Amino acid sequence: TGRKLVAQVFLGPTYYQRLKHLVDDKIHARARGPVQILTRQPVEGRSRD
DNA sequence: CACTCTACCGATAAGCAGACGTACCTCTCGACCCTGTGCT
């Protein structure tokens with residue numbers, strides 16, 4: 001709205017860090033796929049479905 | 001028929017050992033030996 005905020009903001013430069021935790025590295029979904037040979041249950045791990 | 005010395009099955013603890021330990025998730029990195037015996 002271009003309107004002047006009622007509160008005054010604490011604004012300034014701050015040193016931030018990008019961390020090795022990226023959402024796309026973590027997002028995982030399984031419907032069906034590989035199973036363990038012995039127990040025949042879904043295998044472990046995002047990387048292996 | 002008053003005694004006190006050993007037999008008992010009891011209980012006592014005793015030291016023993018053996019037995020247990022949040023959840024779910026991501027990734028990387030490394031994985032026998034020793035000696036008989038035929039080959040050439």
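Values reported hereafter were calculated over all heavy atoms of this structure, with side chains retained and with hydrogens, waters and symmetry mates removed. Chain letters run A, B, ... following the sequence lines, proteins first and then strands; every chain starts at 1.
Sugar puckers are classed by the sign of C1'-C2'-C3'-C4'; that of B:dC25 comes out north, on the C3'-endo side. Sugar pucker at B:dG21: north, on the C3'-endo side, as the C1'-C2'-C3'-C4' dihedral is above zero. Pucker assignment for B:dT22 gives north. The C1'-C2'-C3'-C4' angle has a positive sign. For B:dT26, the torsion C1'-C2'-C3'-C4' is above zero, which places the sugar in the north, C3'-endo range. The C1'-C2'-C3'-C4' dihedral of B:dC5 is negative. Its furanose therefore counts as south.
Using a cut-off of 5.5 angstrom for ring-centre distance and 30 degrees for interplanar angle, B:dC20 is classed as not stacked on B:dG21.
Taking atom CD1 of residue A:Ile27 and atom P of nucleotide B:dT26, one finds them 13 Å apart after rounding to whole Å. Atom CD of A:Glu44 is separated from atom P of B:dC25 by 6 Å (rounded to the nearest Å). Per the geometry, CZ belonging to A:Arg46 stands 11 Å off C1' belonging to B:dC25, to the nearest Å. Separating the NE2 atom of A:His28 from the P atom of B:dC25 is a distance of 9 Å, rounded to the nearest angstrom. Atoms NZ (A:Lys26) and P (B:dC24) sit 18 Å apart, rounded to a whole Å. One can place NZ of A:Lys20 at 18 Å from P of B:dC25, the figure rounded to the nearest angstrom. Here B:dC27 presents its P atom at 18 Å from CG of A:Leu19, a figure rounded to the nearest Å.
Put simply, A:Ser47 has a side-chain N or O that comes within less than 4.0 Å of OP1 or OP2 on B:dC27.
Put simply, the side chain of A:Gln36 reaches to within 4.5 Å of the side chain of A:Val43, judged on heavy atoms. At a threshold of 4.5 Å between non-hydrogen side-chain atoms, the residues A:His21 and A:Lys26 count as touching.
Each of A:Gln8, A:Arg3, A:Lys4 was compared with A:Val6 under the side chain to side chain contact (heavy atoms under 4.5 Å, CB included) criterion, and only A:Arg3 meets it.
Dense packing is recorded around CG of A:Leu22, with more than 12 heavy atoms of other residues, nucleotides or ligands lying under 6.0 Å away. Around CZ of A:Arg40, the count of heavy atoms belonging to other residues, nucleotides or ligands within 6.0 Å does not exceed 12.
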